[PDB]
Amino acid sequence: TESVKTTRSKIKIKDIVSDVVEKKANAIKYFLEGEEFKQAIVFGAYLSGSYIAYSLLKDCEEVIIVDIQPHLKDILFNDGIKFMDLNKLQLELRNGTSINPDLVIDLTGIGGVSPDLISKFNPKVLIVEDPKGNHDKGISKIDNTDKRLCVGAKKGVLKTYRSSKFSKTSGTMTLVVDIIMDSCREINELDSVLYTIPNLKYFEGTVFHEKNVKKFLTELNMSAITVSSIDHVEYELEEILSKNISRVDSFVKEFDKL
Amino acid sequence: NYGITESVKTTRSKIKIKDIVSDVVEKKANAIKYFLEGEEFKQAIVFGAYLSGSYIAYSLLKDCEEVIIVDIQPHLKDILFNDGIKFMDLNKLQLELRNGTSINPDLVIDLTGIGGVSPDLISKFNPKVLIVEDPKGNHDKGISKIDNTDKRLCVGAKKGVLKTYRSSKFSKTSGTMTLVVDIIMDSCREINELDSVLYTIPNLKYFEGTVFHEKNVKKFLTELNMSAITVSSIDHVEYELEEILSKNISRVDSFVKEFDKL
Amino acid sequence: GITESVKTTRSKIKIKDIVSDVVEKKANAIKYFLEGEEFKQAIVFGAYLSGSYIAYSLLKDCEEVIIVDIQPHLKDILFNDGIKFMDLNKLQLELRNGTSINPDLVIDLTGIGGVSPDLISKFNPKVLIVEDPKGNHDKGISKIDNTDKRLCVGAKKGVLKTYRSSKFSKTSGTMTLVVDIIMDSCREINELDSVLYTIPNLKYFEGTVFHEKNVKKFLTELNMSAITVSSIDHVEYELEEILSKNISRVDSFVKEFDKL
Amino acid sequence: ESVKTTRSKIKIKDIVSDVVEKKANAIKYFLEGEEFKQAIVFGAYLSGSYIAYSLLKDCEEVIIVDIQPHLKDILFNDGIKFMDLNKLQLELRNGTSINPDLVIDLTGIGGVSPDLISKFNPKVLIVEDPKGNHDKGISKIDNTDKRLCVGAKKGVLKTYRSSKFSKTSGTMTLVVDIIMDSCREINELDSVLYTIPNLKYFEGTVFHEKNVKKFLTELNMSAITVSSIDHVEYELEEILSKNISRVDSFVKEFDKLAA
Ligand SMILES: Nc1ncnc2c1ncn2[C@@H]1O[C@H](CSCC[C@H](N)C(=O)O)[C@@H](O)[C@H]1O
Ligand SMILES: Nc1ncnc2c1ncn2[C@@H]1O[C@H](CSCC[C@H](N)C(=O)O)[C@@H](O)[C@H]1O
Ligand SMILES: Nc1ncnc2c1ncn2[C@@H]1O[C@H](CSCC[C@H](N)C(=O)O)[C@@H](O)[C@H]1O
Ligand SMILES: Nc1ncnc2c1ncn2[C@@H]1O[C@H](CSCC[C@H](N)C(=O)O)[C@@H](O)[C@H]1O
Ligand code: NA
């Protein structure tokens, strides 16, 4: 009825994803200190990998994205980035001399790249993304980030957290879901709000089970939250979401190896 | 049953959104049944087909000779699943009340909530029993001001107010879909704290959009036919996933509070 | 704090200020419901915690205001000599054996396990107000509650209800609402950047009032900051804003119970 | 038909005890039974006292160092030698009695300087990381990594609450957070009318009033008081125990090939 207002946030799921991936890319940029590289290899195209690889094009002569899933070539939006499936990278490493990266970035996280494969490189810089967020015994047990930091003259660990808030992982998707969930809880406590609905679904399923990157990108193109209320809440909805997005802090911690 | 790799498990809850909706609607229908104490009626009029109205009207067929659902939205006739229930849009009800003699209900149930039926329309009836659903959940100044439940309780020899809350939990309204959303949201919060869980996703969307803007009841019913929650974790969580959701569904308590009058 | 790198900030808002705001809202809700009517004799059951101020607020329009409490030591919580204090035993004996008790205004603030509908039924006042101890829905609490059974006399009847708008509270009790405001405020303050920890200055207040039977000590315990925060950056503004916003959410009103 | 008042059997001191014991066991596990001639622990409050006591078994001499002389009162074993910071610094410059093989820094934020730590050459150095979950302000003032500047074997003592948010690893903070989270859950139990934690600014008693005895008395109180219609004793203790069990303390070895 006209007694109740329906408000869809201006902030879309893709905007939250964008903000998180840009923070991760800037954390890497800052850590690299403008160094130029002949060949950068980034493992893991989903979800921040695509933009991170794009961000390296400026200072890297060649940027290669490596993924175990060949269909993830569809998540790359720049033809300047070379895509290689994991099997073709492993074959080229053994049979050729074209793979000799000076910059290696592992964004695979839990159950990802093996320290054995990383050990085959001798880069100037190695960055490994730490998938751990706040403390969880099970996640900490399966994590092997420290074992992956086994090569490179300069080593760094990319860490991403939500300041003053709890998140189980540093994964782009998890952080976006957590921002939306925390925002809903606070929005629901605003005076006059009847209900608050997050626009969420199992996005990872669209990418990895349905193998449909286009459909996944379409799914991100929608308001993060829908609110039903008696009073106007547009500024409040924006204040809460924006504050939760601003809490994301990404940085590369240098791992000293003398 | 896996995620990005085989090191992570993806678990979809066995409980679907429709199962939660069903549990809530059934509690509201049982609260009305209990209040009516088996009384038989010649003509029952239920205002508001979405969301619990459809099942509530169906539940009255046993003791009511004629059951009529009234809705301001004509397309909501599509949410009725029993041909025994008569549907009338609000305009047809108003005109037949003013110009005919076929509308004289002995049982009136108002489930419209906020911005719904007017006390003026309710005042045109002289039923044996009047039940008005209170849309208010936990206290909210804004919601309490627009609410006029007490003004709608203006006719009937026996009067009752249908109230629905989540025991020891916070909900802004008693609306079926608000309660379902809140059960899922609170369940996600708790599931996320289970050891080894990476993330928890509630399968939610603006369901009111499908029903009132797209005017698609079939699509809405299809949207309810899916897992309430999807969890990404390192260890098995199936047991906890169903237990947490079930515990939250069980907190729903619906009852008709009798409004004393002569 | 432990070093000069950490700041310790005590809220300017004291526990007593929160109590004051809540009791005043309950008294104003009753005032607006009474619509300026004058009474010869008002009887208020339950001195702790809002009862004392509510009885004081009735002095303007009531010739005689009597506070009745089952605990005789609660005469100490009254701050105005104009209010008559009567223990429950004397009231019950006076009702049965005398003619001095015939109130035109009766207010029951005892809540759960309080005054019986049988005692209320002995009065024939112009106005009866019963405080509803229920806050948000709880099956266990709704089962023991008998507010509706207590609203059995009076030409005009009302139920005093108190909630925190958009927040969760199990009861409408003054001290519980204060505790809940402080607890919710701590949770939000802890999430401010640079905060190390947030401590609510709370204790078992009823122990002082009802077990130690020391009203003065209890009043001293309320005379202290509601929250203490340890942080790296200044948080004074946010600390007061969060607490003030939570206090503002308290809403008290008397719902008239129609009886033609 | 009656309102019940229940005080938790678990006292604030029991929660403090459980946290300090986890920190001491994390250090024990990391030391792998190694024996030391002289251990120096910086920071007596709050876990320092018990940690120093726990080192007595494998260390010939255990010394607690604190910038506050009145903190000698928090030591419960006469076998631990107390030294104020000025007396340690004096003995380092003018004497030869201070040459620890085990150094443990538990001072946290605004504590011991890396310059003082650099004066030692121990077999093992352990620095407690005061950071809990991420906070920009706390991360900026923290200098734990700069303090890991000596020792053949280096470790960082980390303490968190599994699946729960805490701003620091400080014993006090963790106890407060366990009680606060427990109250929040207890309040949602059916029939509960109210839940009150017994909390106050304990640090003020120790550092401003300089009264360790009064502080210890303040910990000897039930953590929570609950008012309810139904019995909740079992659930009260279960929620508190489950929150205490979430505390996880461990020493993460800080690899340094040169040392
Ligand atoms: N061994 C391997 N080599 C290359 N890519 C891998 C891999 N194992 C997993 N991947 C890929 O790495 C990604 C894991 S998901 C990583 C999420 C990312 N850290 C973020 O925050 O957005 C997926 O694209 C997956 O297909
Ligand atoms: N004046 C009126 N007369 C009849 N139906 C109305 C109305 N105003 C609104 N409605 C209908 O009443 C419903 C309002 S939504 C009610 C939600 C319901 N109480 C529940 O808990 O599920 C919608 O079906 C709407 O179309
Ligand atoms: N039968 C009875 N008659 C009179 N006073 C009673 C009573 N039973 C309990 N009391 C008193 O009533 C108070 C109950 S506590 C009431 C709290 C109050 N509603 C508030 O919000 O502040 C106590 O003072 C208690 O001693
Ligand atoms: N430079 C210094 N040298 C020695 N002790 C210090 C110091 N600076 C602070 N301290 C002491 O170190 C302690 C800081 S509080 C440390 C809390 C502890 N990590 C816990 O979790 O319980 C206090 O006892 C303080 O007096
Ligand atoms: Na591990």
# chains A, B, ... in the order shown; residues from 1 in each chain; ligands from 1
call {"tool": "select_by_dssp", "arguments": {"residues": "stretch 11-211 of chain A", "states": "alpha helix (DSSP H)", "output": "VMD selection string"}}
result
chain A and resid 13 to 32 49 to 56 86 to 95 115 to 118 137 to 142 145 to 148 172 to 188 203 to 208
call {"tool": "write_last_selection", "arguments": {"atoms": "C-alpha atoms", "output": "PDB file, in the first residue's frame"}}
result
ATOM      1  CA  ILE A  13      26.348  -5.789  -4.947  1.00  0.00           C
ATOM      2  CA  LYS A  14      28.861  -5.065  -7.774  1.00  0.00           C
ATOM      3  CA  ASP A  15      29.776  -1.716  -6.134  1.00  0.00           C
ATOM      4  CA  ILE A  16      30.705  -3.513  -2.895  1.00  0.00           C
ATOM      5  CA  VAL A  17      32.675  -6.118  -4.875  1.00  0.00           C
ATOM      6  CA  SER A  18      34.401  -3.257  -6.749  1.00  0.00           C
ATOM      7  CA  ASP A  19      35.364  -1.464  -3.530  1.00  0.00           C
ATOM      8  CA  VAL A  20      36.883  -4.623  -2.019  1.00  0.00           C
ATOM      9  CA  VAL A  21      38.824  -5.663  -5.133  1.00  0.00           C
ATOM     10  CA  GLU A  22      40.147  -2.099  -5.584  1.00  0.00           C
ATOM     11  CA  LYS A  23      41.413  -2.099  -1.948  1.00  0.00           C
ATOM     12  CA  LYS A  24      43.241  -5.395  -2.569  1.00  0.00           C
ATOM     13  CA  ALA A  25      44.736  -4.090  -5.838  1.00  0.00           C
ATOM     14  CA  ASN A  26      45.868  -0.850  -4.147  1.00  0.00           C
ATOM     15  CA  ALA A  27      47.423  -2.800  -1.247  1.00  0.00           C
ATOM     16  CA  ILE A  28      49.517  -4.743  -3.810  1.00  0.00           C
ATOM     17  CA  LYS A  29      50.339  -1.528  -5.752  1.00  0.00           C
ATOM     18  CA  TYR A  30      51.562   0.161  -2.573  1.00  0.00           C
ATOM     19  CA  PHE A  31      53.704  -2.855  -1.643  1.00  0.00           C
ATOM     20  CA  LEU A  32      55.341  -3.022  -5.094  1.00  0.00           C
ATOM     21  CA  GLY A  49      42.250 -11.736  -9.571  1.00  0.00           C
ATOM     22  CA  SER A  50      40.772 -10.244 -12.727  1.00  0.00           C
ATOM     23  CA  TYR A  51      41.092  -6.615 -11.544  1.00  0.00           C
ATOM     24  CA  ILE A  52      44.445  -7.273  -9.795  1.00  0.00           C
ATOM     25  CA  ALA A  53      45.876  -8.631 -13.110  1.00  0.00           C
ATOM     26  CA  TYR A  54      44.450  -5.578 -14.939  1.00  0.00           C
ATOM     27  CA  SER A  55      46.126  -3.270 -12.323  1.00  0.00           C
ATOM     28  CA  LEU A  56      49.557  -4.824 -13.037  1.00  0.00           C
ATOM     29  CA  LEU A  86      46.948 -24.663 -14.690  1.00  0.00           C
ATOM     30  CA  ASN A  87      47.758 -27.726 -16.879  1.00  0.00           C
ATOM     31  CA  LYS A  88      49.154 -25.513 -19.717  1.00  0.00           C
ATOM     32  CA  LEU A  89      51.263 -23.534 -17.187  1.00  0.00           C
ATOM     33  CA  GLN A  90      52.690 -26.778 -15.751  1.00  0.00           C
ATOM     34  CA  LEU A  91      53.411 -28.114 -19.310  1.00  0.00           C
ATOM     35  CA  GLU A  92      55.118 -24.845 -20.356  1.00  0.00           C
ATOM     36  CA  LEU A  93      57.230 -24.827 -17.150  1.00  0.00           C
ATOM     37  CA  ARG A  94      58.511 -28.327 -17.909  1.00  0.00           C
ATOM     38  CA  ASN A  95      58.776 -28.174 -21.704  1.00  0.00           C
ATOM     39  CA  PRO A 115      53.895 -24.747  -2.255  1.00  0.00           C
ATOM     40  CA  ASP A 116      55.548 -27.319  -4.658  1.00  0.00           C
ATOM     41  CA  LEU A 117      54.391 -25.354  -7.732  1.00  0.00           C
ATOM     42  CA  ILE A 118      55.371 -21.992  -6.152  1.00  0.00           C
ATOM     43  CA  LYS A 137      40.263 -23.169  14.444  1.00  0.00           C
ATOM     44  CA  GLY A 138      39.101 -25.121  11.340  1.00  0.00           C
ATOM     45  CA  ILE A 139      40.136 -22.468   8.881  1.00  0.00           C
ATOM     46  CA  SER A 140      43.464 -21.945  10.576  1.00  0.00           C
ATOM     47  CA  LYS A 141      44.170 -25.724  10.444  1.00  0.00           C
ATOM     48  CA  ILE A 142      43.593 -26.079   6.651  1.00  0.00           C
ATOM     49  CA  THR A 145      49.894 -19.602   3.583  1.00  0.00           C
ATOM     50  CA  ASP A 146      53.244 -19.699   5.397  1.00  0.00           C
ATOM     51  CA  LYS A 147      54.307 -22.840   3.475  1.00  0.00           C
ATOM     52  CA  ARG A 148      53.523 -21.047   0.166  1.00  0.00           C
ATOM     53  CA  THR A 172      36.123 -10.928  -1.634  1.00  0.00           C
ATOM     54  CA  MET A 173      32.717 -12.750  -1.702  1.00  0.00           C
ATOM     55  CA  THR A 174      32.722 -13.445   2.068  1.00  0.00           C
ATOM     56  CA  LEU A 175      33.571  -9.818   2.832  1.00  0.00           C
ATOM     57  CA  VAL A 176      30.747  -8.579   0.560  1.00  0.00           C
ATOM     58  CA  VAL A 177      28.237 -10.977   2.129  1.00  0.00           C
ATOM     59  CA  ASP A 178      29.352  -9.939   5.649  1.00  0.00           C
ATOM     60  CA  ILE A 179      29.078  -6.202   4.814  1.00  0.00           C
ATOM     61  CA  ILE A 180      25.528  -6.746   3.542  1.00  0.00           C
ATOM     62  CA  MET A 181      24.502  -8.966   6.456  1.00  0.00           C
ATOM     63  CA  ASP A 182      25.878  -6.548   9.089  1.00  0.00           C
ATOM     64  CA  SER A 183      24.265  -3.636   7.256  1.00  0.00           C
ATOM     65  CA  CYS A 184      20.834  -5.408   7.272  1.00  0.00           C
ATOM     66  CA  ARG A 185      21.010  -6.022  10.996  1.00  0.00           C
ATOM     67  CA  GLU A 186      21.656  -2.331  11.705  1.00  0.00           C
ATOM     68  CA  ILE A 187      19.137  -1.079   9.122  1.00  0.00           C
ATOM     69  CA  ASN A 188      16.439  -3.254  10.676  1.00  0.00           C
ATOM     70  CA  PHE A 203      26.857 -16.671  -6.345  1.00  0.00           C
ATOM     71  CA  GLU A 204      29.816 -18.999  -6.311  1.00  0.00           C
ATOM     72  CA  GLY A 205      27.475 -21.699  -7.654  1.00  0.00           C
ATOM     73  CA  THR A 206      26.740 -19.624 -10.779  1.00  0.00           C
ATOM     74  CA  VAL A 207      30.466 -19.343 -11.445  1.00  0.00           C
ATOM     75  CA  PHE A 208      31.794 -22.775 -10.504  1.00  0.00           C
TER      76      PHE A 208
END
call {"tool": "residues_around", "arguments": {"residues": "residue C:21", "least_positions_apart": "5", "cutoff": "9 Å", "atoms": "only C-alpha atoms", "output": "ChimeraX atom specification"}}
result
/C:16,26,247-248,250
call {"tool": "write_last_selection", "arguments": {"atoms": "C-alpha atoms", "output": "tab-separated table (two decimals), in the first residue's frame"}}
result
chain	number	residue	atom	x	y	z
C	16	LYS	CA	21.08	7.72	37.72
C	26	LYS	CA	6.56	6.57	33.02
C	247	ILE	CA	17.91	6.49	26.09
C	248	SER	CA	15.72	8.35	23.52
C	250	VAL	CA	12.41	4.52	25.58
call {"tool": "residues_around", "arguments": {"residues": "residue A:7", "least_positions_apart": "5", "cutoff": "10 Å", "atoms": "only C-alpha atoms", "output": "list in words"}}
result
residues 196, 223, 225, 226, 227, 228, 229, 232, 233, 234 and 237 of chain A
call {"tool": "residues_around", "arguments": {"residues": "residue C:197", "least_positions_apart": "4", "cutoff": "12 Å", "atoms": "only C-alpha atoms", "output": "VMD selection string"}}
result
(chain A and resid 164) or (chain C and resid 1 6 to 9 186 to 193 227 to 232 235) or (chain D and resid 132 135 138 165 to 178 180 200 to 203)
call {"tool": "interface_residues", "arguments": {"of": "chain A", "to": "chain C", "cutoff": "8 Å", "atoms": "only C-alpha atoms", "output": "list in words"}}
result
residues 163, 164, 165, 189, 190 and 191 of chain A
call {"tool": "write_last_selection", "arguments": {"atoms": "C-alpha atoms", "output": "compact mmCIF listing (two decimals), in the first residue's frame"}}
result
# COMPACT_ATOMS: atom_id res chain seq x y z
CA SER A 163 37.94 -3.11 10.99
CA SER A 164 36.02 -3.76 14.25
CA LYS A 165 33.84 -6.44 12.62
CA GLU A 189 16.88 -1.34 13.99
CA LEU A 190 16.18 2.02 12.35
CA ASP A 191 12.88 3.52 13.48
call {"tool": "interface_residues", "arguments": {"of": "chain A", "to": "chain B", "cutoff": "6 Å", "atoms": "only C-alpha atoms", "output": "JSON, numbers by chain"}}
result
{"A": [3, 111, 138, 139, 168, 174, 192, 194, 195, 199, 200, 201]}
call {"tool": "residues_around", "arguments": {"residues": "residue D:217", "least_positions_apart": "6", "cutoff": "12 Å", "atoms": "only C-alpha atoms", "output": "list in words"}}
result
residues 11, 12, 13, 202, 205, 206 and 211 of chain D
call {"tool": "write_last_selection", "arguments": {"atoms": "N, CA and C atoms", "output": "PDB file, in the first residue's frame"}}
result
ATOM      1  N   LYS D  11      32.947 -17.387  38.717  1.00  0.00           N
ATOM      2  CA  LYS D  11      33.314 -16.082  39.192  1.00  0.00           C
ATOM      3  C   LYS D  11      34.207 -15.425  38.186  1.00  0.00           C
ATOM      4  N   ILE D  12      34.329 -14.095  38.248  1.00  0.00           N
ATOM      5  CA  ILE D  12      35.190 -13.368  37.323  1.00  0.00           C
ATOM      6  C   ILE D  12      36.613 -13.957  37.424  1.00  0.00           C
ATOM      7  N   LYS D  13      37.098 -14.226  38.644  1.00  0.00           N
ATOM      8  CA  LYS D  13      38.437 -14.802  38.844  1.00  0.00           C
ATOM      9  C   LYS D  13      38.642 -16.160  38.147  1.00  0.00           C
ATOM     10  N   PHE D 202      38.058  -2.341  36.347  1.00  0.00           N
ATOM     11  CA  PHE D 202      39.044  -3.021  37.192  1.00  0.00           C
ATOM     12  C   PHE D 202      40.450  -2.449  37.106  1.00  0.00           C
ATOM     13  N   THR D 205      41.276   0.200  39.543  1.00  0.00           N
ATOM     14  CA  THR D 205      41.647  -0.271  40.895  1.00  0.00           C
ATOM     15  C   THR D 205      43.145  -0.622  40.976  1.00  0.00           C
ATOM     16  N   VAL D 206      43.670  -1.257  39.944  1.00  0.00           N
ATOM     17  CA  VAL D 206      45.057  -1.653  39.908  1.00  0.00           C
ATOM     18  C   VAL D 206      46.015  -0.545  39.646  1.00  0.00           C
ATOM     19  N   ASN D 211      45.723  -0.540  44.195  1.00  0.00           N
ATOM     20  CA  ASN D 211      45.234  -1.450  45.197  1.00  0.00           C
ATOM     21  C   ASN D 211      44.981  -2.839  44.618  1.00  0.00           C
TER      22      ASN D 211
END
call {"tool": "residues_near_ligand", "arguments": {"ligand": "ligand 3", "cutoff": "10 Å", "atoms": "only C-alpha atoms and all ligand atoms", "output": "PyMOL selection string"}}
result
chain C and resi 19+22-23+26+44-54+67-75+77+86-89+91-92+108-117+119+130-133+160-162+171-177+206+209-210
call {"tool": "closest_residue", "arguments": {"among": "C:260, C:196, C:144, C:155", "to": "residue D:191", "atoms": "only C-alpha atoms"}}
result
C:144
call {"tool": "atom_distance", "arguments": {"atom1": "atom CA of residue D:23", "atom2": "atom CA of residue D:249"}}
result
5.6 Å
call {"tool": "interface_residues", "arguments": {"of": "chain D", "to": "chain B", "cutoff": "12 Å", "atoms": "only C-alpha atoms", "output": "count of residues only"}}
result
18
call {"tool": "closest_atom_pairs", "arguments": {"of": "chain C", "to": "chain B", "cutoff": "7 Å", "atoms": "only C-alpha atoms", "output": "CSV"}}
result
residue,atom,partner,partner_atom,distance
C:136,CA,B:138,CA,5.9
C:137,CA,B:167,CA,5.3
C:138,CA,B:167,CA,4.7
C:139,CA,B:167,CA,6.1
C:163,CA,B:139,CA,6.3
C:164,CA,B:139,CA,6.8
C:165,CA,B:140,CA,4.5
C:166,CA,B:140,CA,5.1
C:168,CA,B:170,CA,6.0
C:259,CA,B:261,CA,6.7
call {"tool": "residues_near_ligand", "arguments": {"ligand": "ligand 2", "cutoff": "6 Å", "atoms": "only C-alpha atoms and all ligand atoms", "output": "JSON, numbers by chain"}}
result
{"B": [47, 48, 49, 50, 51, 52, 70, 71, 72, 73, 90, 111, 112, 113, 116, 117, 175, 176]}
call {"tool": "residues_near_ligand", "arguments": {"ligand": "ligand 4", "cutoff": "6 Å", "atoms": "only C-alpha atoms and all ligand atoms", "output": "short mmCIF file (atom, residue, chain, number, x, y, z; two decimals) with C-alpha atoms, in the first residue's frame"}}
result
data_model
loop_
_atom_site.label_atom_id
_atom_site.label_comp_id
_atom_site.auth_asym_id
_atom_site.auth_seq_id
_atom_site.Cartn_x
_atom_site.Cartn_y
_atom_site.Cartn_z
CA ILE C 2 47.96 1.40 32.05
CA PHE D 42 58.09 -7.94 31.49
CA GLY D 43 54.60 -7.02 32.70
CA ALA D 44 53.11 -8.44 35.91
CA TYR D 45 49.48 -7.52 35.22
CA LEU D 46 47.39 -9.56 34.43
CA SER D 47 48.73 -12.90 33.05
CA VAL D 65 59.88 -6.71 35.70
CA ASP D 66 57.27 -3.96 35.97
CA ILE D 67 57.34 -0.19 35.54
CA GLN D 68 54.85 0.02 38.50
CA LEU D 85 62.04 -1.23 35.44
CA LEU D 106 53.78 -9.23 28.01
CA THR D 107 53.54 -5.40 28.19
CA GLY D 108 51.51 -4.88 25.05
CA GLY D 111 55.00 -1.14 26.74
CA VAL D 112 58.66 -2.15 26.59
CA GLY D 170 44.55 -8.68 26.80
CA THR D 171 43.38 -11.00 29.57
#
call {"tool": "closest_residue", "arguments": {"among": "A:82, A:71, A:120, A:38", "to": "residue A:102", "atoms": "only C-alpha atoms"}}
result
A:38
call {"tool": "closest_atom_pairs", "arguments": {"of": "chain A", "to": "ligand 1", "cutoff": "7 Å", "atoms": "only C-alpha atoms and all ligand atoms", "output": "JSON lines"}}
result
{"residue": "A:43", "atom": "CA", "partner": "ligand 1", "partner_atom_place_in_ligand_line": "4 (C)", "distance": 4.8}
{"residue": "A:44", "atom": "CA", "partner": "ligand 1", "partner_atom_place_in_ligand_line": "12 (O)", "distance": 3.5}
{"residue": "A:45", "atom": "CA", "partner": "ligand 1", "partner_atom_place_in_ligand_line": "24 (O)", "distance": 4.5}
{"residue": "A:46", "atom": "CA", "partner": "ligand 1", "partner_atom_place_in_ligand_line": "24 (O)", "distance": 3.9}
{"residue": "A:47", "atom": "CA", "partner": "ligand 1", "partner_atom_place_in_ligand_line": "22 (O)", "distance": 3.5}
{"residue": "A:48", "atom": "CA", "partner": "ligand 1", "partner_atom_place_in_ligand_line": "22 (O)", "distance": 4.3}
{"residue": "A:49", "atom": "CA", "partner": "ligand 1", "partner_atom_place_in_ligand_line": "22 (O)", "distance": 6.5}
{"residue": "A:66", "atom": "CA", "partner": "ligand 1", "partner_atom_place_in_ligand_line": "4 (C)", "distance": 5.3}
{"residue": "A:67", "atom": "CA", "partner": "ligand 1", "partner_atom_place_in_ligand_line": "5 (N)", "distance": 3.6}
{"residue": "A:68", "atom": "CA", "partner": "ligand 1", "partner_atom_place_in_ligand_line": "5 (N)", "distance": 4.4}
{"residue": "A:69", "atom": "CA", "partner": "ligand 1", "partner_atom_place_in_ligand_line": "26 (O)", "distance": 5.0}
{"residue": "A:72", "atom": "CA", "partner": "ligand 1", "partner_atom_place_in_ligand_line": "24 (O)", "distance": 6.9}
{"residue": "A:86", "atom": "CA", "partner": "ligand 1", "partner_atom_place_in_ligand_line": "3 (N)", "distance": 5.5}
{"residue": "A:107", "atom": "CA", "partner": "ligand 1", "partner_atom_place_in_ligand_line": "19 (N)", "distance": 4.5}
{"residue": "A:108", "atom": "CA", "partner": "ligand 1", "partner_atom_place_in_ligand_line": "12 (O)", "distance": 3.8}
{"residue": "A:109", "atom": "CA", "partner": "ligand 1", "partner_atom_place_in_ligand_line": "19 (N)", "distance": 5.3}
{"residue": "A:111", "atom": "CA", "partner": "ligand 1", "partner_atom_place_in_ligand_line": "8 (N)", "distance": 6.3}
{"residue": "A:112", "atom": "CA", "partner": "ligand 1", "partner_atom_place_in_ligand_line": "8 (N)", "distance": 3.7}
{"residue": "A:113", "atom": "CA", "partner": "ligand 1", "partner_atom_place_in_ligand_line": "1 (N)", "distance": 3.7}
{"residue": "A:114", "atom": "CA", "partner": "ligand 1", "partner_atom_place_in_ligand_line": "1 (N)", "distance": 6.4}
{"residue": "A:129", "atom": "CA", "partner": "ligand 1", "partner_atom_place_in_ligand_line": "19 (N)", "distance": 6.5}
{"residue": "A:131", "atom": "CA", "partner": "ligand 1", "partner_atom_place_in_ligand_line": "19 (N)", "distance": 6.5}
{"residue": "A:170", "atom": "CA", "partner": "ligand 1", "partner_atom_place_in_ligand_line": "21 (O)", "distance": 6.1}
{"residue": "A:171", "atom": "CA", "partner": "ligand 1", "partner_atom_place_in_ligand_line": "21 (O)", "distance": 3.4}
{"residue": "A:172", "atom": "CA", "partner": "ligand 1", "partner_atom_place_in_ligand_line": "21 (O)", "distance": 3.9}
{"residue": "A:173", "atom": "CA", "partner": "ligand 1", "partner_atom_place_in_ligand_line": "22 (O)", "distance": 6.3}
